[PDB]
>>> print(open('structure.txt').read())   # compact mmCIF, C-alpha atoms and all ligand atoms
# COMPACT_ATOMS: atom_id res chain seq x y z
CA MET A 1 3.89 1.46 17.44
CA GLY A 2 5.69 -1.60 16.10
CA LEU A 3 4.17 -4.16 13.77
CA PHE A 4 2.01 -3.35 10.78
CA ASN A 5 -0.31 -5.92 9.21
CA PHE A 6 -0.61 -6.40 5.48
CA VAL A 7 -1.97 -8.88 2.99
CA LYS A 8 0.29 -11.86 2.28
CA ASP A 9 -0.65 -13.31 -1.09
CA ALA A 10 -0.98 -9.81 -2.48
CA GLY A 11 1.81 -7.66 -3.77
CA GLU A 12 4.89 -8.00 -5.92
CA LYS A 13 5.58 -11.59 -6.87
CA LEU A 14 9.23 -11.50 -6.03
CA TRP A 15 9.57 -15.15 -5.18
CA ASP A 16 7.65 -18.40 -4.86
CA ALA A 17 5.41 -17.28 -2.00
CA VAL A 18 4.03 -20.77 -2.03
CA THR A 19 6.88 -21.83 0.28
CA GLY A 20 9.21 -18.87 0.83
CA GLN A 21 11.55 -19.60 -2.06
CA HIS A 22 14.84 -20.36 -0.33
CA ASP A 23 15.88 -18.64 2.88
CA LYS A 24 15.20 -15.66 5.15
CA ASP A 25 17.69 -13.06 3.93
CA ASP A 26 17.19 -14.20 0.34
CA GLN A 27 13.51 -13.33 0.68
CA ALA A 28 14.65 -10.00 2.04
CA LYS A 29 17.12 -9.70 -0.82
CA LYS A 30 14.23 -9.70 -3.30
CA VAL A 31 12.49 -7.12 -1.22
CA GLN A 32 15.55 -4.84 -1.06
CA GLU A 33 16.00 -5.27 -4.80
CA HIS A 34 12.30 -4.71 -5.35
CA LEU A 35 12.43 -1.35 -3.55
CA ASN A 36 15.52 -0.44 -5.59
CA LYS A 37 13.83 -1.51 -8.82
CA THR A 38 10.65 0.40 -8.05
CA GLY A 39 12.71 3.37 -6.95
CA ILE A 40 11.30 3.64 -3.44
CA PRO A 41 12.98 6.67 -1.83
CA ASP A 42 15.18 6.08 1.19
CA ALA A 43 14.94 2.32 0.57
CA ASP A 44 18.71 2.22 0.95
CA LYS A 45 18.45 4.13 4.22
CA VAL A 46 16.62 1.23 5.77
CA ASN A 47 17.05 -2.50 6.13
CA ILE A 48 14.64 -5.33 5.58
CA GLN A 49 14.32 -8.70 7.26
CA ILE A 50 11.98 -11.49 6.38
CA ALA A 51 10.50 -14.16 8.57
CA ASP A 52 8.61 -16.38 6.12
CA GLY A 53 6.05 -13.66 5.55
CA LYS A 54 6.68 -11.33 8.45
CA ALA A 55 9.04 -8.69 7.17
CA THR A 56 10.86 -6.28 9.43
CA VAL A 57 12.09 -2.87 8.40
CA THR A 58 14.76 -1.02 10.21
CA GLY A 59 16.92 2.01 9.68
CA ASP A 60 17.49 5.52 10.94
CA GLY A 61 17.82 9.10 10.08
CA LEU A 62 15.08 9.42 7.54
CA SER A 63 11.70 11.06 7.64
CA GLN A 64 8.61 9.24 8.84
CA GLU A 65 7.39 9.53 5.27
CA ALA A 66 10.43 7.60 4.16
CA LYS A 67 9.96 5.02 6.88
CA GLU A 68 6.35 4.16 5.97
CA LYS A 69 7.33 4.49 2.33
CA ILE A 70 9.54 1.43 2.72
CA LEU A 71 6.87 -0.37 4.81
CA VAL A 72 4.42 -0.10 1.89
CA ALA A 73 6.85 -1.54 -0.63
CA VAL A 74 7.95 -4.28 1.77
CA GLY A 75 4.47 -5.03 3.03
CA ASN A 76 3.21 -5.31 -0.53
CA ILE A 77 5.19 -8.41 -1.39
CA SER A 78 3.55 -11.61 -2.51
CA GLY A 79 4.69 -13.73 0.39
CA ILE A 80 4.89 -11.02 2.99
CA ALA A 81 1.94 -10.68 5.35
CA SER A 82 3.23 -8.02 7.70
CA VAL A 83 6.02 -5.54 8.35
CA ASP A 84 7.69 -4.90 11.68
CA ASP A 85 8.79 -1.28 11.67
CA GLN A 86 12.06 -0.80 13.52
CA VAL A 87 13.39 2.17 11.59
CA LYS A 88 14.01 5.53 13.20
CA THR A 89 13.33 9.04 12.01
CA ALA A 90 15.54 12.11 12.27
CA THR A 91 13.13 14.70 10.90
CA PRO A 92 9.42 15.50 11.47
CA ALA A 93 6.97 14.39 8.81
CA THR A 94 3.23 13.80 8.39
CA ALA A 95 1.94 10.37 9.31
CA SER A 96 -0.30 8.39 7.00
CA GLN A 97 -2.95 5.68 7.13
CA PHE A 98 -2.72 2.26 5.53
CA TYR A 99 -5.71 1.03 3.51
CA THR A 100 -5.88 -2.44 1.97
CA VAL A 101 -7.58 -2.53 -1.41
CA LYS A 102 -10.57 -4.85 -1.50
CA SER A 103 -11.86 -6.83 -4.48
CA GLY A 104 -13.97 -4.34 -6.42
CA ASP A 105 -12.52 -1.05 -5.24
CA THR A 106 -10.70 1.48 -7.38
CA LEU A 107 -8.27 4.23 -6.32
CA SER A 108 -11.16 6.69 -6.59
CA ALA A 109 -13.51 4.48 -4.56
CA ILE A 110 -10.92 4.02 -1.82
CA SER A 111 -9.95 7.69 -1.89
CA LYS A 112 -13.60 8.48 -1.32
CA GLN A 113 -13.41 6.06 1.55
CA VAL A 114 -10.27 7.34 3.21
CA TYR A 115 -10.52 11.02 2.33
CA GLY A 116 -14.24 11.29 1.89
CA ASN A 117 -13.61 12.38 -1.68
CA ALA A 118 -12.68 10.19 -4.66
CA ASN A 119 -10.93 13.06 -6.41
CA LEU A 120 -8.08 12.58 -3.96
CA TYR A 121 -7.26 9.27 -5.57
CA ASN A 122 -4.14 10.89 -6.92
CA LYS A 123 -2.83 11.95 -3.51
CA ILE A 124 -2.95 8.31 -2.55
CA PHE A 125 -1.75 6.69 -5.76
CA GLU A 126 1.19 9.09 -6.17
CA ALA A 127 2.02 8.46 -2.52
CA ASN A 128 1.85 4.74 -3.03
CA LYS A 129 4.36 5.35 -5.81
CA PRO A 130 6.66 4.28 -7.04
CA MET A 131 5.33 1.04 -5.58
CA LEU A 132 1.89 1.43 -7.15
CA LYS A 133 1.56 0.77 -10.86
CA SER A 134 -1.46 2.97 -11.68
CA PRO A 135 -4.62 4.20 -9.90
CA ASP A 136 -7.04 1.78 -11.54
CA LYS A 137 -4.27 -0.79 -11.68
CA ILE A 138 -4.54 -1.58 -7.99
CA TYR A 139 -5.24 -5.09 -6.78
CA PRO A 140 -6.96 -6.82 -3.85
CA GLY A 141 -4.40 -6.63 -1.09
CA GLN A 142 -2.83 -3.36 -2.15
CA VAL A 143 -2.40 -1.65 1.16
CA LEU A 144 -2.15 1.84 -0.19
CA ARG A 145 -0.52 4.57 1.84
CA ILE A 146 -3.08 7.18 2.75
CA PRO A 147 -1.35 10.54 3.41
CA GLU A 148 -2.88 12.76 6.02
CA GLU A 149 -5.57 14.99 4.58
CA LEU A 150 -4.37 18.26 6.15
CA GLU A 151 -7.16 20.81 6.62
CA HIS A 152 -10.30 19.08 5.41
CA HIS A 153 -11.78 22.51 4.71
CA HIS A 154 -11.01 23.28 1.05
CA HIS A 155 -8.01 21.48 -0.55
CA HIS A 156 -10.14 18.52 -1.60
CA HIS A 157 -11.71 19.02 -5.01
K K A 201 1.83 -8.37 0.98
>>> encode(input="structure.txt", output="structure tokens")
Amino acid sequence: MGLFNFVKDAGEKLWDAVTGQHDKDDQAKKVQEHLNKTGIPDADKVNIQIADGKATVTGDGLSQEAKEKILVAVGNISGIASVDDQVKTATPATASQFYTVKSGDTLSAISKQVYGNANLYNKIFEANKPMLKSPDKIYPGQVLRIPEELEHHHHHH
């Protein structure tokens, strides 16, 4: 209900994660820019803070999908180990799970893990977008956003 845990070393290499580059809001700056570069929706609706590697998102008035959306992009920074969600939602949306890619897994393999079916790799990857590069282009530490598999009966191919 507050903090989310991520990988640290894994994610977009925005800065020199070896030390933290320069300063707190500068680290955040990269993150904000990163979300704008990637094209993360509602990334302007929120706000990002950085505490060495503990990022904090805030904002209000978006959907929960938008909120977590930012979390993923912010929590997938090389240098960021976690994201403190402080952003508020104005409209009802479906909540998702967060799965961290392990060394050897593919979008399919993890989809099969989270959904029970690998064919749902797209639902994840496209949801991890535009943060995620490509399905088989994941990387160890990629905490992919796992949308809620509504009605397990049918749907899944
Ligand atoms: K990270």
>>> residues_around(input="structure.txt", residues="residue 87 in chain A", least_positions_apart="5", cutoff="12 Å", atoms="only C-alpha atoms", output="MDAnalysis selection string")
chainID A and resid 1:3 42:49 56:71
>>> residues_near_ligand(input="structure.txt", ligand="ligand K 201 (chain A)", cutoff="8 Å", atoms="all atoms listed in the file", output="mmCIF file with C-alpha atoms, in the frame of the given file")
data_model
loop_
_atom_site.group_PDB
_atom_site.id
_atom_site.type_symbol
_atom_site.label_atom_id
_atom_site.label_comp_id
_atom_site.auth_asym_id
_atom_site.auth_seq_id
_atom_site.Cartn_x
_atom_site.Cartn_y
_atom_site.Cartn_z
ATOM 1 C CA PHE A 6 -0.610 -6.400 5.480
ATOM 2 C CA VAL A 7 -1.970 -8.880 2.990
ATOM 3 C CA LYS A 8 0.290 -11.860 2.280
ATOM 4 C CA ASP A 9 -0.650 -13.310 -1.090
ATOM 5 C CA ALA A 10 -0.980 -9.810 -2.480
ATOM 6 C CA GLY A 11 1.810 -7.660 -3.770
ATOM 7 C CA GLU A 12 4.890 -8.000 -5.920
ATOM 8 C CA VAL A 74 7.950 -4.280 1.770
ATOM 9 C CA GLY A 75 4.470 -5.030 3.030
ATOM 10 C CA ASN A 76 3.210 -5.310 -0.530
ATOM 11 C CA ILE A 77 5.190 -8.410 -1.390
ATOM 12 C CA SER A 78 3.550 -11.610 -2.510
ATOM 13 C CA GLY A 79 4.690 -13.730 0.390
ATOM 14 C CA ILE A 80 4.890 -11.020 2.990
ATOM 15 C CA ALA A 81 1.940 -10.680 5.350
ATOM 16 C CA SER A 82 3.230 -8.020 7.700
ATOM 17 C CA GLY A 141 -4.400 -6.630 -1.090
ATOM 18 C CA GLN A 142 -2.830 -3.360 -2.150
ATOM 19 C CA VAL A 143 -2.400 -1.650 1.160
#
>>> axis_aligned_box(input="structure.txt", around="range 6-9 of chain A", padding_each_side="8 Å", output="lines of an AutoDock Vina configuration file")
center_x = -0.8
center_y = -9.9
center_z = 2.2
size_x = 18.3
size_y = 22.9
size_z = 22.6
>>> atom_distance(input="structure.txt", atom1="CA of residue 120 in chain A", atom2="CA of residue 156 in chain A")
6.7 Å
>>> closest_residue(input="structure.txt", among="A:95, A:101, A:83, A:14", to="residue 50 in chain A", atoms="all atoms listed in the file")
A:83
>>> closest_residue(input="structure.txt", among="A:114, A:146, A:107, A:131", to="residue 34 in chain A", atoms="all atoms listed in the file")
A:131
>>> build_atoms(input="structure.txt", residues="range 78-102 of chain A", atoms="N, CA, C and O atoms", output="mmCIF file, in the coordinates of the input")
data_model
loop_
_atom_site.group_PDB
_atom_site.id
_atom_site.type_symbol
_atom_site.label_atom_id
_atom_site.label_comp_id
_atom_site.auth_asym_id
_atom_site.auth_seq_id
_atom_site.Cartn_x
_atom_site.Cartn_y
_atom_site.Cartn_z
ATOM 1 N N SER A 78 4.257 -10.353 -2.474
ATOM 2 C CA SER A 78 3.550 -11.610 -2.510
ATOM 3 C C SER A 78 4.370 -12.629 -1.728
ATOM 4 O O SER A 78 5.381 -13.133 -2.215
ATOM 5 N N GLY A 79 3.952 -12.870 -0.498
ATOM 6 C CA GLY A 79 4.690 -13.730 0.390
ATOM 7 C C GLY A 79 4.833 -13.100 1.757
ATOM 8 O O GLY A 79 4.971 -13.788 2.763
ATOM 9 N N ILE A 80 4.785 -11.778 1.777
ATOM 10 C CA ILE A 80 4.890 -11.020 2.990
ATOM 11 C C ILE A 80 3.514 -10.659 3.500
ATOM 12 O O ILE A 80 2.708 -10.148 2.745
ATOM 13 N N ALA A 81 3.254 -10.931 4.768
ATOM 14 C CA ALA A 81 1.940 -10.680 5.350
ATOM 15 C C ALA A 81 1.958 -9.499 6.291
ATOM 16 O O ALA A 81 0.910 -8.949 6.609
ATOM 17 N N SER A 82 3.127 -9.125 6.772
ATOM 18 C CA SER A 82 3.230 -8.020 7.700
ATOM 19 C C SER A 82 4.625 -7.434 7.715
ATOM 20 O O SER A 82 5.575 -8.062 7.246
ATOM 21 N N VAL A 83 4.743 -6.229 8.256
ATOM 22 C CA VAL A 83 6.020 -5.540 8.350
ATOM 23 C C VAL A 83 6.235 -4.992 9.749
ATOM 24 O O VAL A 83 5.408 -4.240 10.263
ATOM 25 N N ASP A 84 7.335 -5.385 10.365
ATOM 26 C CA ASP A 84 7.690 -4.900 11.680
ATOM 27 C C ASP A 84 8.580 -3.684 11.542
ATOM 28 O O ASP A 84 9.736 -3.796 11.144
ATOM 29 N N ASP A 85 8.033 -2.520 11.821
ATOM 30 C CA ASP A 85 8.790 -1.280 11.670
ATOM 31 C C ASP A 85 9.736 -1.073 12.847
ATOM 32 O O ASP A 85 9.314 -0.964 14.000
ATOM 33 N N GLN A 86 11.022 -1.042 12.537
ATOM 34 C CA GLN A 86 12.060 -0.800 13.520
ATOM 35 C C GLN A 86 12.974 0.334 13.084
ATOM 36 O O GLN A 86 14.055 0.516 13.644
ATOM 37 N N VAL A 87 12.545 1.118 12.105
ATOM 38 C CA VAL A 87 13.390 2.170 11.590
ATOM 39 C C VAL A 87 13.081 3.498 12.270
ATOM 40 O O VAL A 87 11.944 3.765 12.663
ATOM 41 N N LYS A 88 14.113 4.305 12.448
ATOM 42 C CA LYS A 88 14.010 5.530 13.200
ATOM 43 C C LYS A 88 14.040 6.744 12.295
ATOM 44 O O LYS A 88 14.596 6.708 11.198
ATOM 45 N N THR A 89 13.467 7.820 12.786
ATOM 46 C CA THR A 89 13.330 9.040 12.010
ATOM 47 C C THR A 89 14.119 10.179 12.640
ATOM 48 O O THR A 89 14.183 10.305 13.863
ATOM 49 N N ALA A 90 14.732 10.999 11.798
ATOM 50 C CA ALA A 90 15.540 12.110 12.270
ATOM 51 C C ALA A 90 14.805 13.436 12.109
ATOM 52 O O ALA A 90 15.105 14.409 12.795
ATOM 53 N N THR A 91 13.845 13.471 11.198
ATOM 54 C CA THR A 91 13.130 14.700 10.900
ATOM 55 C C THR A 91 11.618 14.492 10.971
ATOM 56 O O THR A 91 11.121 13.390 10.729
ATOM 57 N N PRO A 92 10.875 15.558 11.307
ATOM 58 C CA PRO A 92 9.420 15.500 11.470
ATOM 59 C C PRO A 92 8.695 15.455 10.136
ATOM 60 O O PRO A 92 9.019 16.202 9.212
ATOM 61 N N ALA A 93 7.719 14.572 10.038
ATOM 62 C CA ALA A 93 6.970 14.390 8.810
ATOM 63 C C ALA A 93 5.540 13.958 9.136
ATOM 64 O O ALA A 93 5.263 13.517 10.252
ATOM 65 N N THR A 94 4.645 14.083 8.164
ATOM 66 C CA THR A 94 3.230 13.800 8.390
ATOM 67 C C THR A 94 2.933 12.317 8.253
ATOM 68 O O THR A 94 3.280 11.689 7.251
ATOM 69 N N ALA A 95 2.247 11.787 9.247
ATOM 70 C CA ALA A 95 1.940 10.370 9.310
ATOM 71 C C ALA A 95 0.767 10.025 8.412
ATOM 72 O O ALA A 95 -0.095 10.864 8.154
ATOM 73 N N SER A 96 0.733 8.795 7.926
ATOM 74 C CA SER A 96 -0.300 8.390 7.000
ATOM 75 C C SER A 96 -1.027 7.131 7.478
ATOM 76 O O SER A 96 -0.574 6.441 8.394
ATOM 77 N N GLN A 97 -2.164 6.865 6.860
ATOM 78 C CA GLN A 97 -2.950 5.680 7.130
ATOM 79 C C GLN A 97 -2.630 4.613 6.096
ATOM 80 O O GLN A 97 -2.108 4.905 5.027
ATOM 81 N N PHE A 98 -2.910 3.380 6.440
ATOM 82 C CA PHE A 98 -2.720 2.260 5.530
ATOM 83 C C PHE A 98 -4.060 1.601 5.216
ATOM 84 O O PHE A 98 -4.736 1.099 6.118
ATOM 85 N N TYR A 99 -4.446 1.615 3.945
ATOM 86 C CA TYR A 99 -5.710 1.030 3.510
ATOM 87 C C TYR A 99 -5.458 -0.137 2.555
ATOM 88 O O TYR A 99 -4.781 0.028 1.552
ATOM 89 N N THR A 100 -6.022 -1.298 2.847
ATOM 90 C CA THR A 100 -5.880 -2.440 1.970
ATOM 91 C C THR A 100 -7.015 -2.511 0.965
ATOM 92 O O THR A 100 -8.186 -2.605 1.330
ATOM 93 N N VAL A 101 -6.640 -2.449 -0.307
ATOM 94 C CA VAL A 101 -7.580 -2.530 -1.410
ATOM 95 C C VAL A 101 -8.377 -3.829 -1.373
ATOM 96 O O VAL A 101 -7.810 -4.917 -1.237
ATOM 97 N N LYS A 102 -9.684 -3.698 -1.489
ATOM 98 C CA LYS A 102 -10.570 -4.850 -1.500
ATOM 99 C C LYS A 102 -11.033 -5.136 -2.925
ATOM 100 O O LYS A 102 -10.982 -4.264 -3.796
#
